[PDB]
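Each residue takes its place number in the sequence, starting with 1. Read the numbers this way: they start at 1 and go in the same order the structure lists the ligands and their atoms. Computed over heavy atoms, backbone and side chain alike; hydrogens, waters and symmetry mates excluded.
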Amino acid sequence: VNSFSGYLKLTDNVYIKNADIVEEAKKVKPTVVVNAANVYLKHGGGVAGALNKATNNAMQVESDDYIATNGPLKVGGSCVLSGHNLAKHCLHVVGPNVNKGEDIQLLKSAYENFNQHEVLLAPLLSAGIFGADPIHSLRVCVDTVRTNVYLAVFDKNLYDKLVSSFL
Ligand SMILES: OC[C@@H]1CC2(CCCC2)CN1c1ncnc2[nH]ccc12
């Protein structure tokens, strides 16, 4: 039993809500919040910019030190950093940017990172500026993640569309 509230159950292990992941994190303070990152951990907009703003830029400061030491992430890859005031940990996950010609097959690799954590609060990956089909991303999530994932989807029209569709 956990403290997530108002989620619609999609499968044994996947749940979804029309919500801002930032607000869900502040309310729930989960063990792991997932960031929809880029390989440089430059948190400008969308999920990443919003999470970073909520940490008063501490996420960006920590991320810049990570990159200076380790170099960029791989598309499809991830790293675990602090969750700051939002969660214990933040799992920064890079989905493919379809608008940059990156292989959509890497979306499955991106979601595989979630399986290293028993419970996660997460966004849908590769949407927004990355330009992947959100219905496809949800199907990949459901067909790839085996651990317990709570998906917070910002756009009301997007949420209504996703929960009224057969995956
Ligand atoms: O789940 C992925 C969705 C998809 C969006 C890009 C196009 C429509 C919206 C951004 N995003 C978010 N989801 C949950 N919390 C969020 N907080 C700030 C952004 C955000």
Side-chain angles (χ1 to χ4, degrees), residues 2-11 13-39 41-60 63 73 75-76 78 81 83-100 102 104 106-114 117 119-145 147-165 167:
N2 57 52
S3 65
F4 292 100
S5 177
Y7 284 73
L8 172 67
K9 185 174 183 56
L10 293 181
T11 65
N13 65 298
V14 179
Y15 296 80
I16 195 167
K17 189 177 176 184
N18 177 208
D20 182 352
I21 198 178
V22 178
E23 293 307 322
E24 289 294 308
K26 283 194 276 189
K27 180 65 181 184
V28 176
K29 311 222 199 313
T31 302
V32 179
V33 66
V34 174
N35 182 31
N38 57 56
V39 298
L41 303 179
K42 289 311 185 201
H43 309 304
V47 171
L51 288 170
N52 176 59
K53 178 178 180 184
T55 75
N56 183 44
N57 210 51
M59 177 178 286
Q60 191 64 67
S63 293
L73 295 183
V75 183
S78 70
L81 291 172
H84 300 276
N85 52 317
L86 302 178
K88 188 171 193 292
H89 303 287
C90 179
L91 181 69
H92 296 271
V93 179
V94 183
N97 178 294
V98 158
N99 296 332
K100 264 229 294 181
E102 300 182 342
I104 192 65
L106 291 171
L107 187 55
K108 188 172 184 73
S109 303
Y111 279 116
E112 286 171 344
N113 295 288
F114 289 26
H117 304 276
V119 177
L120 317 85
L121 169 63
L124 203 60
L125 291 179
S126 285
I129 66 168
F130 282 17
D133 182 283
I135 304 178
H136 177 66
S137 183
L138 180 56
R139 295 189 164 116
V140 180
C141 180
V142 161
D143 292 342
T144 304
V145 181
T147 54
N148 292 327
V149 57
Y150 290 79
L151 294 170
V153 172
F154 182 83
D155 189 279
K156 139 94 136 109
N157 287 325
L158 179 53
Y159 175 87
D160 289 350
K161 182 193 227 181
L162 291 175
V163 308
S164 307
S165 58
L167 310 182

Numbering the atoms of ligand 1 from 1, which are under 4.0 Å from a heavy atom of [X]?
X: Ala152; result: 1 (O), 13 (N), 14 (C)
X: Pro123; result: 1 (O), 2 (C)
X: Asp20; result: 15 (N), 16 (C), 17 (N), 18 (C)
X: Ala19; result: 14 (C), 15 (N)

Q: For atom 12 (C) of ligand 1, find the nearest protein heavy atom and state the residue, atom name and distance (0.1 Å precision).
A: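 I find the closest protein heavy atom is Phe154 CB, 3.3 Å.
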
Q: Note the single closest protein heavy atom to atom 15 (N) of ligand 1, along with its residue, its atom name and the distance in Å.
A: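 Atom 15 (N) of ligand 1 sits closest to the protein heavy atom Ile21 N, 2.7 Å.
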
Q) So, is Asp155 polar-close to ligand 1, with some N/O to N/O distance under 3.5 Å? A) no

Q: For atom 5 (C) of ligand 1, decide whether some protein heavy-atom distance is shorter than 4.0 Å.
A: no

Q) Heavy atom under 4.0 Å from ligand 1: found in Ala36's side chain, backbone, both, or neither? A)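 For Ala36, there is no contact with ligand 1 at all, from either part.
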
Q: Quick one: pull up CG in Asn57 and NE2 in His84 and give me the separation to the nearest 0.5 Å.
A: 10.0 Å

Give a yes or no answer on whether the side chain of [X] reaches the backbone of [Y] with a donor-acceptor pair at less than 3.5 Å.
X: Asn13; Y: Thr147; value: yes
X: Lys27; Y: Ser3; value: no
X: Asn113; Y: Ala110; value: yes

Q) Are any non-hydrogen side-chain atoms of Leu151 and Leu138 less than 4.5 angstrom apart? A)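 Side-chain contact under 4.5 Å: yes.
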
Q: Give the ring-plane orientation class for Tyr7 versus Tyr150, where under 30° counts as parallel, over 60° as perpendicular and anything between as tilted.
A: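 Rings of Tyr7 and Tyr150: perpendicular, over 60°.
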
Q. Of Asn38, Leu107, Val98, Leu125, which is the lone residue that meets side chain to side chain contact (heavy atoms under 4.5 Å, CB included) with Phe130?
A.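 For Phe130, the side chain to side chain contact (heavy atoms under 4.5 Å, CB included) test succeeds with only one of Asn38, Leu107, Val98, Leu125, which is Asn38.
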
